[PDB]
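> To start, I am sharing the structure in question, which I have written as structure tokens.
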Amino acid sequence: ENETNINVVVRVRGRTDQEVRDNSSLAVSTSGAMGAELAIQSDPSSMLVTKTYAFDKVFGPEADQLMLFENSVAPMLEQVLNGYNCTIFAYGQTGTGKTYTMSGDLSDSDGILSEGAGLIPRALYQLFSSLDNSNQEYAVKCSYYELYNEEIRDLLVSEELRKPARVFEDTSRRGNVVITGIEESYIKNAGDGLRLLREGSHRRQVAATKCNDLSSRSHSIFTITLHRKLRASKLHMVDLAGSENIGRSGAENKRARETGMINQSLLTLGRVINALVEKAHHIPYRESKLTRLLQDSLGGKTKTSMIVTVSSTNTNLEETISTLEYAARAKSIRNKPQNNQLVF
Amino acid sequence: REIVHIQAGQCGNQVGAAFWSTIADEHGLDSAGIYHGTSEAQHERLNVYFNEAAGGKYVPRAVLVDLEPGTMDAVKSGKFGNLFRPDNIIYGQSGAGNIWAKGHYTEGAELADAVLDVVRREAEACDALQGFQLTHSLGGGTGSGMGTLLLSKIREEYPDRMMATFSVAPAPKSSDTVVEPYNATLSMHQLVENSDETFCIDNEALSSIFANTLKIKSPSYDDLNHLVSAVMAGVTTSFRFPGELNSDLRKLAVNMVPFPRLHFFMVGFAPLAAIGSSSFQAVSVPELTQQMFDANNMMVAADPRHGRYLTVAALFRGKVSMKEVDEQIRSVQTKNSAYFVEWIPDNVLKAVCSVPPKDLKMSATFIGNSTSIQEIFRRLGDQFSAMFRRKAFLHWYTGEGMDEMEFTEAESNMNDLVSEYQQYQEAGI
Amino acid sequence: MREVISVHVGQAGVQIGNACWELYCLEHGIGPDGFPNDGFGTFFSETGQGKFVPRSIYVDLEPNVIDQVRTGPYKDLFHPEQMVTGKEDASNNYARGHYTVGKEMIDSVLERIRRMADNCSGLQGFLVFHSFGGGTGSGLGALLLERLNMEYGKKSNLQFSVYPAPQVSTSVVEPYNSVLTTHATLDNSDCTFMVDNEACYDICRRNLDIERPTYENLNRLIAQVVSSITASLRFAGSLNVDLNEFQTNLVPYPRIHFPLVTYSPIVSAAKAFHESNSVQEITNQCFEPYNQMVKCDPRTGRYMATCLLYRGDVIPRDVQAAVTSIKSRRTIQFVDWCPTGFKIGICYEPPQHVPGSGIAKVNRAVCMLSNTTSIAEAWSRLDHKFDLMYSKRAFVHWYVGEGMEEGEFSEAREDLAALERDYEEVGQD
Ligand SMILES: C/C(=C\c1csc(C)n1)[C@@H]1C[C@@H]2O[C@]2(C)CCC[C@H](C)[C@H](O)[C@@H](C)C(=O)C(C)(C)[C@@H](O)CC(=O)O1
Ligand SMILES: Nc1nc2c(ncn2[C@@H]2O[C@H](COP(=O)(O)OP(=O)(O)OP(=O)(O)O)[C@@H](O)[C@H]2O)c(=O)[nH]1
Ligand SMILES: Nc1ncnc2c1ncn2[C@@H]1O[C@H](COP(=O)(O)OP(=O)(O)NP(=O)(O)O)[C@@H](O)[C@H]1O
Ligand SMILES: Nc1nc2c(ncn2[C@@H]2O[C@H](COP(=O)(O)OP(=O)(O)O)[C@@H](O)[C@H]2O)c(=O)[nH]1
Ligand SMILES: [Mg+2]
């Protein structure tokens with residue numbers, strides 16, 4: 001079809017014992033059976049009950065990997081094998097689980113598989129699995145790097161090499177925003193996927209907040225090139241950092257760069273979909289390097305998925321509900337899926 | 001509160017001797033560098049541009065970098081040669097060639113290491129930097145090819161401070177060199193990204209001032225660069241004296257820039273009149289503001305009436321109170337409802353400095369932000385368009401080592417900078 | 001001693017504060033040293049010799065206006081360790097104002113208060129007045145209350161912060177820095193006395209016939225209603241209107257605490273000469289909207305509660321015979337649920353005039369304070385502006401690029417409109 005296909009899902013985290021037993025937090029999210037509009041309320045049998053937000057897949061502190069992975073990623077894994085580009089990325093407040101959403105665990109029990117490892121190691125094997133039994137030739141390449149303060153660092157290599165000048169366009173397509181000056185690596189099997197992603201995810205800059213010692217600041221981005229046979233569908237696995245508040249960081253001038261410039265691009269991610277509620281005479285894709293790359297993703301020729309991981313603990317009411325308007329407003333935009341058999 | 005000044009290029013050189021001449025006269029310094037104060041305002045805020053020395057000898061924060069070794073001797077061996085520390089003056093041997101792709105390929109790769117080293121101790125020797133000026137040109141090679149590479153280091157160097165570049169623009173008609181559509185848009189690629197903002201100035205517009213207001217048809221460039229040093233002083237006029245409000249270079253750019261892409265501005269100045277029009281002119285605050293919104297008082301030949309004003313910052317030098325300014329602007333924003341942006345209401349910034357100029361009673365420094373500036377850019381890209389499809393004047397760039405498809409990246413950057421203003425020139429949402 | 005202290009943040013804190021302490025010293029008859037009614041120096045700390053230290057602290061992030069006080073005619077008055085200056089200004093950025101550079105400067109300010117707080121005999125409450133429009137007083141003053149009301153708890157908090165309006169504007173983030181401030185002022189301050197720059201200006205044009213007034217002519221109007229509240233107790237009078245009493249006679253609910261200010265008689269030099277001054281005709285001036293301090297329409301709305309602070313030679317029965325001439329006769333009804341509406345006291349001693357303003361000496365003066373329902377059209381002016389400034393997210397990257405999440409922008413318009421939902425509800429017969 002040629003419909004308004006933009007995938008958005010919401011999976012909140014779980015409270016800890018010290019939080020709500022001290023705070024008596026919000027009653028806004030359900031136990032997570034299926035996607036349905038809930039409420040916005042606190043002191044619920046009183047004069048704060050305002051409105052609900054229509055959903056696709058709401059899940060409380062109840063959902064797991066294979067409950068999400070078979071219904072969200074796996075109908076689009078087949079689209080990758082069908083010869084289509086796809087885009088999956090997470091978003092939300094810092095310290096909620098959107099780094100857990102992409103890359104969750106480092107258990108990595110290499111007898112068979114790992115458990116709880118996040119969407120990318122599930123989407124790692126389950127594209128190598130079905131490709132082994134579909135009687136065609138295949139070649140697998142990947143490239144995994146980061147985005148940090150309008151700069152790009154290759155997480156594949158630890159050497160100190162970077163781009164020569166700039167990110168390039170091409171005269172071949174419009175949807176290409178190619179990034180040269182950076183290495184992609186070759187992958188034989190499922191046994192080479194985690195083999196490079198393990199030290200590769202370790203190359204980023206995991207900073208330490210007042211809230212979490214794991215809620216990082218970079219933008220992990222995991223690209224895949226699949227030369228199966230003559231055809232190639234690029235796949236984007238993107239992490240995004242958190243919408244950092246002022247006082248919950250303790251940030252000095254060294255930390256303000258990965259506070260301000262990060263929130264600068266997250267604000268930029270606002271207006272690139274705030275301008276698509278009506279799609280006026282300009283689409284500001286070129287405001288930062290985060291949105292030049294997502295130009296074919298956001299409202300382009302690429303199928304796009306989105307994860308909104310928020311906190312149900314009352315750490316805020318400022319962007320408790322403000323971040324859900326992003327999927328709510330820009331749901332109704334259209335795309336155009338095009339085929340890819342590169343004719344030699 | 002110090003800023004760092006760069007005169008990168010030949011136009012950087014001849015504006016600076018026009019710049020620092022009217023600055024040193026403004027604080028009371030002589031032509032040499034010794035001090036001669038009038039009152040306490042000139043005693044306390046020489047801490048804006050000038051580093052100290054023994055006695056009353058002052059040294060301006062400046063680096064003046066060229067690749068052409070000739071014209072630097074006109075200010076080194078020429079006049080005001082006792083007013084620059086010659087360690088700061090630094091320049092190589094080979095000329096550029098009016099080439100963007102040579103000042104950014106090889107010469108910056110052989111000077112900007114040693115140029116930046118002089119910038120190190122000039123930045124460290126203050127307490128709090130404010131801005132980082134690199135007043136240069138876009139026409140030739142030195143002010144452009146070094147003017148981008150010397151720019152692009154500092155954002156990687158000092159990611160907090162501010163950039164105020166006064167790069168002059170090519171003309172749609174009165175252009176001076178032949179490489180102008182290439183030597184602009186390559187520099188326009190680097191300047192949208194890394195610079196915080198710029199103030200464009202076009203010589204073809206500047207000739208219209210002397211041909212309509214002052215009625216001189218035979219001026220000089222040294223006369224012409226003398227005029228831009230009004231608004232050079234006009235920006236930091238609000239800071240270098242006891243003011244009354246809104247005194248900072250940062251207080252401009254935090255609310256003259258609505259989105260972090262556009263960053264460009266239009267410059268006006270008032271009053272100015274010839275000796276025949278001297279006494280018959282009166283100097284009134286409503287009388288000044290009617291000059292500042294004429295298309296015969298702008299420094300870029302695009303018609304501001306053709307566009308819409310996003311933001312306006314008025315900076316006044318002299319004796320002027322609050323609603324003296326605004327009550328005339330009240331009638332302006334009635335007569336010009338097609339000239340003010342509706343979705344940004346209350347689009348007027350004002351700034352009052354409580355010190356008069358010399359030989360004047362009042363003065364008005366104007367900063368504008370139209371949507372007319374894209375037309376010059378569309379004029380510039382149209383000049384770029386026919387120059388590139390034939391791929392002529394090409395191998396003096398790739399022969400130095402810049403990629404062929406790298407231009408199409410700059411045009412795509414250039415076209416998108418044009419493509420944001422047509423939302424706002426016709427904006428009812 | 002019923003003791004009070006002062007703080008001052010931003011240039012509005014400086015310039016109004018420069019005019020507050022001048023008018024205080026002429027009331028208590030002290031110059032720089034003092035003594036060229038018996039004591040009562042609650043504004044002042046008494047040293048062992050006679051150099052009375054004004055109990056105050058100026059806070060500015062940019063050492064420009066503080067140099068004016070430390071060089072002008074009042075450098076020989078203050079405690080130069082108390083006049084704390086900053087390093088770099090907030091520069092119209094509430095994120096810089098409230099969070100970033102303010103955190104690196106509050107902890108040389110809050111402890112400076114404590115030494116002046118522990119020198120109190122018994123401290124009642126005090127006053128934090130600034131601007132909403134600018135940088136520092138909008139932002140640092142917002143943190144200055146919540147880092148104070150956390151500490152001192154049950155002690156009183158007032159603020160006379162000056163407020164923006166659509167006729168006259170200075171900066172263009174004045175919608176943002178007002179509504180980002182009003183979260184701080186809602187739950188920390190007991191009360192606030194908002195005042196316009198325009199209605200403050202217009203009385204200096206109409207009812208003073210001064211053609212082009214300046215800011216010191218604005219501020220001397222502003223500081224006089226400041227004198228007519230606190231130091232009105234500090235002259236022995238026939239009645240007493242305490243700082244606790246405004247926190248009873250003007251606030252039914254904990255959210256409704258936004259009175260207006262009205263001063264009378266404000267009559268110029270050649271017009272009080274050829275005029276009498278009754279008790280009744282001056283209270284008639286008070287309910288004229290031409291002496292109002294915020295551009296509102298009080299005859300449209302109703303009055304929840306009023307307060308009349310008389311000064312000068314006043315008999316207390318033309319209080320009662322003329323208040324019913326306003327209450328029981330006129331058209332403007334009060335709130336049906338407030339049964340009286342009036343609280344009023346008489347302070348015996350005359351107000352003091354400065355020798356350099358258009359205002360003249362007068363044997364009686366009224367400082368009308370009233371919590372109205374017609375101030376709901378003050379917040380609708382900003383929230384309509386804050387709507388359209390936000391709907392394209394313009395001028396937001398200078399805030400989120402510093403560290404404020406956009407979630408306050410949701411709660412700003414949510415809380416402020418809900419704060420207007422009490423003025424439409426309590427003022428609803
Ligand atoms: C007479 C006059 C302003 C004025 C208004 S009402 C009144 C009385 N005087 C101007 C100065 C005015 O300050 C500018 C903007 C001075 C602007 C500076 C330029 C260089 C001069 O205006 C320009 C015409 C010149 O180069 C010459 C002719 C040499 C200058 O002398 C002219 C010249 O400067 O005279
Ligand atoms: N009442 C009053 N208000 C004034 C006066 N002068 C300026 N203002 C107001 O003060 C506002 C500016 O506030 P500031 O005190 O400068 O704010 P800030 O954070 O200190 O900003 P900077 O110090 O300039 O960096 C202007 O927008 C005016 O509305 C004055 O004399 N009286
Ligand atoms: N839904 C969840 N279920 C279980 N554990 C969770 C969940 N969400 C977060 N966690 C835990 O939270 C920790 C990871 O921090 P995380 O919440 O992912 O930060 P973040 O929100 O992704 N911020 P950032 O890394 O800056 O983008 C791990 O201990 C996870 O187990
Ligand atoms: N003398 C002078 N020329 C100017 C001025 N502004 C722009 N120009 C012209 O603009 C063009 C820019 O050239 P430029 O960079 O100085 O030459 P370069 O040495 O090759 O870099 C030349 O034609 C200059 O003459 C000015 O104020 N004075
Ligand atoms: Mg995350």
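Residue numbering restarts at 1 for every chain of the structure tokens, chains are lettered A, B, ... in their displayed order, and ligands are numbered from 1 as they appear.
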Only residues of chain C matter here; which ones have an atom within 8 Å of chain B, counting only C-alpha atoms? Give them as a list in words.

residues 11, 64, 65, 68, 87, 88, 91, 92, 93, 134, 166, 168, 169, 170, 171, 172, 173, 212, 213, 214, 215, 385, 388, 389, 394, 395, 396, 397 and 398 of chain C

> With N, CA, C and O atoms retained, export the selected residues as a compact mmCIF listing (two decimals), in the first residue's frame.


```txt
# COMPACT_ATOMS: atom_id res chain seq x y z
N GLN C 11 18.97 44.77 36.61
CA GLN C 11 19.09 46.22 36.52
C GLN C 11 17.84 46.92 37.03
O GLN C 11 17.93 48.01 37.60
N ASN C 64 28.28 46.39 35.09
CA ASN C 64 28.14 47.65 34.37
C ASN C 64 27.40 48.68 35.20
O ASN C 64 27.93 49.76 35.46
N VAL C 65 26.18 48.37 35.65
CA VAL C 65 25.43 49.34 36.43
C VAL C 65 25.90 49.41 37.87
O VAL C 65 25.65 50.42 38.55
N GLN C 68 28.34 52.14 38.31
CA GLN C 68 27.74 53.46 38.39
C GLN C 68 27.43 53.84 39.83
O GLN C 68 27.65 54.98 40.24
N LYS C 87 29.77 37.63 36.98
CA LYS C 87 30.82 37.62 35.97
C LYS C 87 30.28 37.82 34.57
O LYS C 87 30.80 38.66 33.82
N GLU C 88 29.24 37.08 34.19
CA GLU C 88 28.67 37.12 32.86
C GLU C 88 27.16 37.10 32.98
O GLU C 88 26.61 36.36 33.79
N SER C 91 21.58 37.34 30.10
CA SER C 91 21.39 37.76 28.72
C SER C 91 20.11 37.19 28.12
O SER C 91 20.13 36.43 27.15
N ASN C 92 18.99 37.55 28.75
CA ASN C 92 17.63 37.26 28.30
C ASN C 92 17.37 35.76 28.14
O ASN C 92 16.54 35.35 27.34
N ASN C 93 18.10 34.95 28.90
CA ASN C 93 18.01 33.50 28.83
C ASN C 93 17.69 33.04 30.24
O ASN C 93 18.57 33.04 31.12
N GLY C 134 13.81 41.14 31.29
CA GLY C 134 15.22 40.97 31.08
C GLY C 134 15.72 39.59 31.44
O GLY C 134 14.97 38.64 31.66
N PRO C 166 1.94 45.22 25.82
CA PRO C 166 2.17 45.24 24.36
C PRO C 166 2.49 46.58 23.73
O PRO C 166 2.94 46.59 22.58
N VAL C 168 4.76 49.24 24.88
CA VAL C 168 6.18 49.53 24.97
C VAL C 168 6.92 48.27 25.38
O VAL C 168 6.59 47.65 26.40
N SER C 169 7.92 47.89 24.59
CA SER C 169 8.72 46.71 24.85
C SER C 169 10.18 47.03 24.63
O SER C 169 10.52 47.94 23.87
N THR C 170 11.04 46.27 25.28
CA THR C 170 12.48 46.45 25.16
C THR C 170 13.13 45.24 24.50
O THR C 170 13.82 45.38 23.49
N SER C 171 12.93 44.06 25.06
CA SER C 171 13.41 42.83 24.46
C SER C 171 12.24 42.08 23.84
O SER C 171 11.08 42.48 23.97
N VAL C 172 12.54 41.01 23.13
CA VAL C 172 11.50 40.30 22.41
C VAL C 172 11.34 38.87 22.89
O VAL C 172 10.63 38.08 22.26
N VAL C 173 11.97 38.51 24.00
CA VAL C 173 11.63 37.27 24.68
C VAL C 173 10.83 37.54 25.94
O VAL C 173 10.67 36.65 26.77
N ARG C 212 9.22 64.28 27.38
CA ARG C 212 10.03 63.09 27.10
C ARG C 212 10.68 62.61 28.39
O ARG C 212 11.86 62.89 28.63
N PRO C 213 9.95 61.88 29.23
CA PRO C 213 10.53 61.45 30.51
C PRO C 213 11.54 60.34 30.35
O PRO C 213 11.47 59.52 29.43
N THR C 214 12.49 60.32 31.28
CA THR C 214 13.54 59.32 31.34
C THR C 214 13.29 58.38 32.51
O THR C 214 12.36 58.56 33.30
N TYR C 215 14.17 57.38 32.63
CA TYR C 215 13.95 56.28 33.55
C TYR C 215 14.03 56.70 35.00
O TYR C 215 13.32 56.13 35.84
N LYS C 385 0.25 36.10 23.58
CA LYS C 385 1.56 36.24 22.97
C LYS C 385 2.36 34.96 23.09
O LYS C 385 2.95 34.49 22.12
N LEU C 388 1.46 32.33 20.41
CA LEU C 388 1.98 32.44 19.06
C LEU C 388 3.50 32.46 19.02
O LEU C 388 4.07 32.15 17.97
N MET C 389 4.16 32.80 20.12
CA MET C 389 5.61 32.64 20.15
C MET C 389 6.01 31.18 20.24
O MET C 389 7.15 30.84 19.89
N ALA C 394 9.62 29.03 17.86
CA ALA C 394 10.70 29.97 17.61
C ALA C 394 11.27 30.48 18.92
O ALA C 394 10.57 30.55 19.93
N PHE C 395 12.56 30.82 18.87
CA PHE C 395 13.34 31.31 20.02
C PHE C 395 13.30 30.32 21.18
O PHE C 395 13.28 30.71 22.35
N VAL C 396 13.29 29.04 20.86
CA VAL C 396 13.31 28.01 21.89
C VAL C 396 14.69 27.38 21.98
O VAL C 396 15.09 26.94 23.07
N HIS C 397 15.48 27.44 20.91
CA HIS C 397 16.78 26.80 20.91
C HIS C 397 17.79 27.52 21.80
O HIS C 397 18.78 26.90 22.21
N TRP C 398 17.56 28.78 22.14
CA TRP C 398 18.40 29.40 23.15
C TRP C 398 18.00 29.01 24.56
O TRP C 398 18.66 29.46 25.51
```

> Within 7 Å of ligand 2 (counting only C-alpha atoms and all ligand atoms), which residues show up? I'd like them as a compact mmCIF listing (two decimals) with N, CA and C atoms, in the first residue's frame.


```
# COMPACT_ATOMS: atom_id res chain seq x y z
N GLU B 244 21.84 52.26 29.59
CA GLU B 244 20.63 52.24 30.38
C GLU B 244 19.92 50.90 30.31
N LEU B 245 20.07 50.17 29.21
CA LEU B 245 19.47 48.85 29.08
C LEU B 245 20.12 48.05 27.97
N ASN B 246 20.04 46.72 28.12
CA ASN B 246 20.14 45.73 27.04
C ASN B 246 21.49 45.81 26.34
N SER B 247 22.53 45.77 27.14
CA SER B 247 23.79 46.38 26.76
C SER B 247 24.73 45.43 26.04
N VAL C 9 17.81 42.30 42.32
CA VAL C 9 18.38 41.43 41.30
C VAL C 9 18.04 42.02 39.94
N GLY C 10 19.02 42.05 39.05
CA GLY C 10 18.84 42.66 37.75
C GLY C 10 18.95 44.17 37.80
N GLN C 11 18.97 44.77 36.61
CA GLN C 11 19.09 46.22 36.52
C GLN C 11 17.84 46.92 37.03
N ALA C 12 16.68 46.29 36.83
CA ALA C 12 15.47 46.76 37.48
C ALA C 12 15.61 46.74 38.99
N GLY C 13 16.28 45.72 39.52
CA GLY C 13 16.63 45.74 40.93
C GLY C 13 17.61 46.84 41.27
N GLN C 15 18.14 49.85 39.34
CA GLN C 15 17.70 51.21 39.03
C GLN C 15 16.50 51.62 39.88
N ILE C 16 15.55 50.71 40.10
CA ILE C 16 14.50 51.01 41.07
C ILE C 16 15.10 51.08 42.46
N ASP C 60 23.85 41.67 40.44
CA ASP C 60 23.85 41.72 39.00
C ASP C 60 24.96 40.83 38.49
N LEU C 61 24.72 40.21 37.35
CA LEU C 61 25.71 39.32 36.78
C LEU C 61 26.73 40.04 35.92
N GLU C 62 26.46 41.29 35.55
CA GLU C 62 27.30 42.02 34.62
C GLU C 62 27.76 43.31 35.26
N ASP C 89 26.49 37.90 32.15
CA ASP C 89 25.07 38.12 32.32
C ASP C 89 24.25 36.92 31.87
N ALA C 90 23.02 36.87 32.39
CA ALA C 90 22.06 35.87 31.95
C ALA C 90 21.70 36.08 30.50
N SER C 91 21.58 37.34 30.10
CA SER C 91 21.39 37.76 28.72
C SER C 91 20.11 37.19 28.12
N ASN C 92 18.99 37.55 28.75
CA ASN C 92 17.63 37.26 28.30
C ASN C 92 17.37 35.76 28.14
N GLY C 97 19.52 32.30 33.35
CA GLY C 97 19.12 33.06 34.51
C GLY C 97 18.83 32.20 35.71
N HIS C 130 12.45 43.21 40.70
CA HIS C 130 13.25 42.97 39.51
C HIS C 130 12.36 43.19 38.29
N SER C 131 12.81 42.69 37.15
CA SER C 131 12.02 42.73 35.93
C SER C 131 11.67 41.32 35.48
N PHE C 132 10.55 41.21 34.78
CA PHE C 132 10.24 39.95 34.12
C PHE C 132 10.90 39.87 32.76
N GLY C 133 11.07 41.01 32.09
CA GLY C 133 11.46 40.98 30.69
C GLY C 133 12.91 40.61 30.48
N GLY C 134 13.81 41.14 31.29
CA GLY C 134 15.22 40.97 31.08
C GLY C 134 15.72 39.59 31.44
N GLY C 135 17.04 39.47 31.47
CA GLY C 135 17.66 38.21 31.82
C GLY C 135 17.74 37.89 33.29
N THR C 136 18.50 38.67 34.05
CA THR C 136 18.96 38.20 35.35
C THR C 136 17.85 38.26 36.39
N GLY C 137 17.14 39.38 36.46
CA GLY C 137 16.08 39.52 37.43
C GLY C 137 14.91 38.60 37.18
N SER C 138 14.72 38.19 35.93
CA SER C 138 13.72 37.17 35.64
C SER C 138 14.18 35.81 36.14
N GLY C 139 15.45 35.50 35.95
CA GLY C 139 15.92 34.16 36.22
C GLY C 139 16.52 33.96 37.59
N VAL C 162 8.50 44.34 37.99
CA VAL C 162 7.92 45.15 36.92
C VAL C 162 7.63 44.26 35.71
N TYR C 163 6.55 44.60 35.00
CA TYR C 163 5.78 43.68 34.17
C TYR C 163 5.63 44.22 32.76
N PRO C 164 5.64 43.36 31.75
CA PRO C 164 5.61 43.82 30.36
C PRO C 164 4.20 43.92 29.80
N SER C 169 7.92 47.89 24.59
CA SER C 169 8.72 46.71 24.85
C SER C 169 10.18 47.03 24.63
N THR C 170 11.04 46.27 25.28
CA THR C 170 12.48 46.45 25.16
C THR C 170 13.13 45.24 24.50
N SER C 171 12.93 44.06 25.06
CA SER C 171 13.41 42.83 24.46
C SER C 171 12.24 42.08 23.84
N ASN C 197 5.61 49.35 32.57
CA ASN C 197 6.47 50.45 32.14
C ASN C 197 5.71 51.50 31.36
N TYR C 215 14.17 57.38 32.63
CA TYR C 215 13.95 56.28 33.55
C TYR C 215 14.03 56.70 35.00
N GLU C 216 14.87 57.67 35.33
CA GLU C 216 14.86 58.17 36.70
C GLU C 216 13.58 58.94 37.00
N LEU C 218 10.87 57.85 35.61
CA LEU C 218 9.97 56.73 35.82
C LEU C 218 10.13 56.16 37.22
N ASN C 219 11.37 56.00 37.68
CA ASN C 219 11.62 55.26 38.91
C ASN C 219 11.18 56.04 40.14
N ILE C 222 8.04 55.14 40.91
CA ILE C 222 7.91 53.75 41.34
C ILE C 222 8.30 53.60 42.80
```

> Give me, as CSV, each residue of chain C that comes within 9 Å of chain A, together with its shortest interatomic pair and the distance in Å at one decimal, counting only C-alpha atoms, with rows ordered by chain and rising residue number.


```
residue,atom,partner,partner_atom,distance
C:95,CA,A:246,CA,7.8
C:99,CA,A:246,CA,6.5
C:100,CA,A:246,CA,8.0
C:391,CA,A:274,CA,9.0
C:392,CA,A:271,CA,7.7
C:393,CA,A:271,CA,7.1
C:396,CA,A:267,CA,8.1
C:397,CA,A:264,CA,6.3
C:398,CA,A:264,CA,8.6
C:399,CA,A:260,CA,8.7
C:400,CA,A:263,CA,5.8
C:401,CA,A:260,CA,4.3
C:402,CA,A:260,CA,4.7
C:403,CA,A:260,CA,5.0
C:404,CA,A:246,CA,5.3
C:405,CA,A:245,CA,5.2
C:406,CA,A:319,CA,7.3
C:407,CA,A:318,CA,3.9
C:408,CA,A:318,CA,5.4
C:409,CA,A:318,CA,8.0
C:410,CA,A:318,CA,6.6
C:411,CA,A:318,CA,6.1
```

> Where does chain A meet ligand 3 within 6 Å, residue by residue, with the nearest atom pair and distance in Å to one decimal for each, counting only C-alpha atoms and all ligand atoms, listed by chain and rising number, as JSON lines?


```
{"residue": "A:12", "atom": "CA", "partner": "ligand 3", "partner_atom_place_in_ligand_line": "1 (N)", "distance": 5.7}
{"residue": "A:13", "atom": "CA", "partner": "ligand 3", "partner_atom_place_in_ligand_line": "1 (N)", "distance": 3.5}
{"residue": "A:14", "atom": "CA", "partner": "ligand 3", "partner_atom_place_in_ligand_line": "2 (C)", "distance": 5.9}
{"residue": "A:94", "atom": "CA", "partner": "ligand 3", "partner_atom_place_in_ligand_line": "23 (N)", "distance": 4.0}
{"residue": "A:95", "atom": "CA", "partner": "ligand 3", "partner_atom_place_in_ligand_line": "21 (O)", "distance": 3.3}
{"residue": "A:96", "atom": "CA", "partner": "ligand 3", "partner_atom_place_in_ligand_line": "21 (O)", "distance": 3.4}
{"residue": "A:97", "atom": "CA", "partner": "ligand 3", "partner_atom_place_in_ligand_line": "17 (O)", "distance": 3.2}
{"residue": "A:98", "atom": "CA", "partner": "ligand 3", "partner_atom_place_in_ligand_line": "22 (O)", "distance": 3.6}
{"residue": "A:99", "atom": "CA", "partner": "ligand 3", "partner_atom_place_in_ligand_line": "22 (O)", "distance": 3.4}
{"residue": "A:100", "atom": "CA", "partner": "ligand 3", "partner_atom_place_in_ligand_line": "18 (O)", "distance": 4.1}
{"residue": "A:214", "atom": "CA", "partner": "ligand 3", "partner_atom_place_in_ligand_line": "15 (O)", "distance": 5.4}
{"residue": "A:215", "atom": "CA", "partner": "ligand 3", "partner_atom_place_in_ligand_line": "25 (O)", "distance": 3.3}
{"residue": "A:216", "atom": "CA", "partner": "ligand 3", "partner_atom_place_in_ligand_line": "26 (O)", "distance": 3.9}
{"residue": "A:217", "atom": "CA", "partner": "ligand 3", "partner_atom_place_in_ligand_line": "26 (O)", "distance": 5.1}
{"residue": "A:240", "atom": "CA", "partner": "ligand 3", "partner_atom_place_in_ligand_line": "27 (O)", "distance": 5.7}
{"residue": "A:241", "atom": "CA", "partner": "ligand 3", "partner_atom_place_in_ligand_line": "27 (O)", "distance": 3.8}
{"residue": "A:242", "atom": "CA", "partner": "ligand 3", "partner_atom_place_in_ligand_line": "26 (O)", "distance": 4.8}
```

> Fewer than 3 positions away in the same chain doesn't count, so skip those; otherwise give me all residues within 12 Å of residue 56 in chain A, counting only C-alpha atoms, as an MDAnalysis selection string.

chainID A and resid 6:11 32:38 53 59 71:72 305:308 327:328 331

> Between atom 32 (C, counted along the ligand's line) of ligand 1 and CA of residue 278 in chain B, what is the spacing in Å?

9.0 Å

> Please, what distance in Å, to one decimal, runs between CA of residue 144 in chain B and CA of residue 170 in chain A?

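Spanning CA of residue 144 in chain B to CA of residue 170 in chain A is a straight-line distance of 25.8 Å.
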
> When you get a sec, could you note down which chain B residues fall within 7 Å of chain A, using only C-alpha atoms, as a list in words?

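Applying the cut-off to the listed atoms yields residues 261, 409, 419, 420 and 423 of chain B.
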
> Considering only strand (DSSP E) as DSSP defines it on the backbone, what residues of range 125-274 of chain C qualify? List them as a ChimeraX atom specification.

/C:125-129,156-158,162-163,195-196,260-264

> Find the residues around residue 70 in chain C up to 12 Å (only C-alpha atoms counted), leave out those fewer than 4 positions away in its own chain, and share them as a list in words.

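Near neighbours after the sequence-gap exclusion: residues 14, 18, 58, 63, 64, 65, 66, 74, 75, 76, 77, 78, 79, 80, 81, 82, 83, 84 and 85 of chain C.
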
> Return the single residue from A:187, A:156, A:131, A:206 that is closest to ligand 5, with distances computed using only C-alpha atoms and all ligand atoms.

A:206
